[PDB]
Structure formats: structure tokens, C-alpha cells
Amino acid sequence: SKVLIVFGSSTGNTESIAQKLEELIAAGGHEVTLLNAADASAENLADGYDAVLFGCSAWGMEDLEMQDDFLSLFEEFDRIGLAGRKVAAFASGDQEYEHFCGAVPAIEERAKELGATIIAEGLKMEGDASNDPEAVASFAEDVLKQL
């Protein structure tokens, strides 16, 4: 299958998770494309892809604010071509906050509104990929099986 992975990462934790995810799905016999949302042109970005995974950390002093490289892409979800495609979200976050990885539910809702199907429950964890390999491995499992 063809899998597209796009992320927005400020310190590198959501990046780390998106690279591990690329490795695990690619290992399953699938073609993975990895993009930093800061580099990606949204226009028809999903065309060709059987699933699309979105990674994005949560910030904001008060309410939830998305990582800014993702956000800019989030604005353009309308042109991506998500209708009838499979999608899932992941993120790095901090339990010590009220809205743990709040970007994840947010992505899932925008995606469903645009006609996407949610493949697996959003991955929510702390630190980089090495900090919770199980959580990463399992989320990749969930994804693989829906492909």
C-alpha cells in the first residue's frame, strides 16, 4: 500500500515518532513517503495514497495551539484530497498539561469532516519514539492491519 506521513515538530519529538513509523510500515511491505509539513505543498497531496498519517505537537499558553509548520498545512486540508481515504493521527505531548496531545483529536475531526475514515485511535505519548517504543509499535500495528 501507499502511505504518506506528514508532521509538524518544534523540538523533534513528533519527528522522531514519524521516522519510526515510516520504518515500521515500510517494513510491512508498503511504500512510505515522509514529509515535514513545512516542506509540503498541500495541493492534491493525498492523491495516490491509501492512508495518511498526521503528526503534530500541541502548544499555546492558554487554549490549544498547533505546531506552526503543521498549522499552515492544516489551513489547507481542503485541497489535500482526503475524501474516502484512510487517516490516523499521532503526537508527542506532556501529561502535565490539561489537553494531552490535543492536536490529535483536532486532526481526526477535521479529517472526518473532509470525508476521511479514521484507521486507528490517535497515538498520544510523551518524549521521542525511544521513550515509548511499545506505544509507537502498537499504533503502527493498528495502522498496518487496516491497510
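So that there is no doubt, residue numbering starts at 1 and follows the sequence shown.
Participant: Mean C-alpha B-factor higher for 128-136, or for 21-29?
Facilitator: If you average the C-alpha B-factors of 128-136 and of 21-29, the larger mean comes out for 128-136.
Participant: Between 34-42 and 98-106, name whichever shows the higher mean Cα B factor according to the PDB entry.
Facilitator: The stretch with the larger mean CA B-factor is 98-106.
Participant: Highest recorded C-alpha temperature factor, please, choosing from 61, 91, 87, 80.
Facilitator: That would be 61, according to the entry.
Participant: Where does residue 119 sit by CA temperature factor within its chain: lowest, middle or highest third?
Facilitator: For residue 119, whose C-alpha B-factor we compare with every modelled residue in the chain, the answer is the highest third.
Participant: Per the entry's values, where does residue 113 land by CA temperature factor relative to the rest of its chain, in the lowest, middle or highest third?
Facilitator: Its C-alpha B-factor belongs to the middle third of this chain's values.
Participant: Sorting by Cα B-factor within the chain, modelled residues only, which third would residue 69 end up in: lowest, middle or highest?
Facilitator: Its C-alpha B-factor belongs to the middle third of this chain's values.
Participant: Just say lowest, middle or highest third for the CA B-factor of residue 147 relative to the other modelled residues in its chain.
Facilitator: CA B-factor rank for residue 147: highest third.
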